[PDB]
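Okay, so here's just one chain, in structure tokens, the form deposited in one PDB entry.
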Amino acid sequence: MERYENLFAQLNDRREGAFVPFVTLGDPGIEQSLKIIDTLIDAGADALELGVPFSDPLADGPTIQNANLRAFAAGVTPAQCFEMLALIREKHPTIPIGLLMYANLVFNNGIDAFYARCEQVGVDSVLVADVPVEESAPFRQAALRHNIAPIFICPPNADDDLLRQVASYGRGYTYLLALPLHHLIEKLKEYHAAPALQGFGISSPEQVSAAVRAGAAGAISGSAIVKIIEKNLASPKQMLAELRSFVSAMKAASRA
């Protein structure tokens, strides 16, 4: 719940948008992923969006599918996922950490118990890819009770009623994915939604600057980070170097 507010306060003083990399947890190995996440943070990631491996992704397809597989093979159990999440938080006390999940893995051992282990390991938000706001009440109430911000996707096809619900129910940030962006962002501000981060296709520094300028509080770069990881899978030190320069570029561009 909190670290986001703090991050958005700090950035607004600096006249800067948030840059958030997405990466799947455990891909291409546990040690490897922990080194990647440290270099992403080191290189200037403002927050982190971490994917857990599931049966298969829906809201995300090709690249992410391939990435989950690499993590499945790596032996990343839910136990290893929270163990990894606790150490990431032990090294980096301030970074907002958000999780991208599917509803089965939340529901598996009890909804409320998923959110308690999240609160115990220091996760700040959870986006459950397949729970529309129409089905969210159990997940919402449980997250709120454990001080986890429930992140909701605001899709291109959004209509006003959806916009009002996403602003009434989300916290942390709104994930932004008919309607001009400029019009979507204005209506969210009006309704007093959490800070919108633009998630669609942010792959060039040019694109992060465009998003910030449009009024989105920052940009999530999905598959692009995964792409560098795939591209360099057996070249690890330079996989890391490519990642570092990419995040530095992306991040520099958000200073607008």
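Residue numbers here begin at 1 and follow the sequence given. In this text, the rigid core denotes the largest set of C-alpha atoms whose superposition between the two forms falls within 1.5 Å.
Root mean square Cα distance to the shown form, taken over structures and residues in 8 other deposited structures of this protein after a core fit, is higher for 70 to 78 when 70 to 78 and 137 to 145 are compared.
Of the two stretches examined, 84 to 92 and 102 to 110, the one with higher mean CA deviation in 8 other deposited structures of this protein after a rigid core fit is 102 to 110. Judged by the one-third criterion across other entries of this protein, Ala178, though modelled here, is missing from at least a third of those that model both its neighbours. Counting the unmodelled positions of the deposited sequence between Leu177 and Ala178 gives a long gap of 10 or more residues.
Higher mean CA B-factor, judged across 81 to 89 and 126 to 134 from the recorded values: 81 to 89. Higher mean CA temperature factor, per the PDB entry, when comparing 28 to 36 with 217 to 225: 28 to 36.
Listed residues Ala45, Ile64, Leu188, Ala210 were ranked by CA B-factor as deposited; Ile64 comes out on top.
The maximum CA B-factor among the listed residues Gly110, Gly75, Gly170, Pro96, taken from the PDB record, is found at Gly75. Ranked by C-alpha B-factor against the other modelled residues of its chain, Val20 falls in the lowest third.
Per the PDB record, residue ranking by Cα B-factor puts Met101 in the lowest third of the chain. Ranked within its chain, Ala142 lands in the lowest third, by CA B factor from the PDB record. When the CA B factors of the chain's modelled residues are split into thirds, the value for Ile148 lands in the lowest one.
When all modelled residues of the chain are sorted by CA temperature factor, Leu69 is found within the highest third.
Omitted from view is the form deposited with a small molecule bound, to which the following refers.
The candidate site formed by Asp60, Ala129 and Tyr175 is fully in contact with the small molecule in the deposited bound form, as each residue has a non-hydrogen atom within 4.5 angstroms of it.
Listed stretches are 188 to 196, 60 to 68, 35 to 43, 210 to 218; the contact stretch with the small molecule in the deposited bound form is 60 to 68, by a heavy atom cutoff of 4.5 Å. The small molecule is not shown here, and in the deposited bound form it never comes within 4.5 Å of any heavy atom of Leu144. In the deposited bound form, at least one heavy atom of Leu100 sits within 4.5 Å of the small molecule. Heavy atoms of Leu87 never reach within 4.5 Å of the small molecule in the deposited bound form, leaving it off the interface. Proximity of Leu105 to the small molecule in the deposited bound form falls outside the 4.5 Å heavy atom cutoff.
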